[PDB]
């Protein structure tokens, strides 16, 4: 949660972060791209049969 | 069977398409990032 | 410069039908891409040279 990491429990800080915007999504997607790859790796190694 | 399989669907070439989609998404993001204020009075530079 | 909106580009006759309450059009990058002229009430496109 980029918002709870950057902004501890504050709606006002959540308003300020919204002027940066697409950075948070780009980090979340990038970590999601990694998280999907861990399963592909495990499937490619073990699920050969 | 190969010819018919590639006639039936696009989904199999998803491995080459998602390389094309990743560069398209990265440049569309790099455009959208110009919408940001970074805490300045304006996004658009002439309005400063 | 239109109404104080400084910039450098080529003007061209638009097709954009701005409603009467509208004055500037935009790109997704939040830069003005079209303008209503303040005297001969018509819409111009902007493009950088």
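Start at 1 and count along the chain as shown; that gives each residue its number.
Cβ atoms here come from the backbone N, Cα and C positions, even for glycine.
Annotated features, as they stand in Swiss-Prot:
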- A:2-A:24: disulfide bond (DISULFID)
- A:7-A:13: disulfide bond (DISULFID)
Which residues does residue A:7 (disulfide bond) neighbour through Cβ under 8 Å, counting only same-chain ones at least six apart?
A:13, A:14, A:16, A:17
Using a 10 Å radius around its CB, how many other CB atoms surround residue A:24 (disulfide bond)?
16
Reduced DSSP state (H/G/I helix, E/B strand, rest coil) at residue A:7 (disulfide bond) is coil
Let's check the environment of residue A:2 (disulfide bond): how many other CB atoms sit within 10 Å of its CB?
15
Count the other Cβ atoms sitting within 10 Å of the Cβ of residue A:13 (disulfide bond), across every protein chain shown.
13
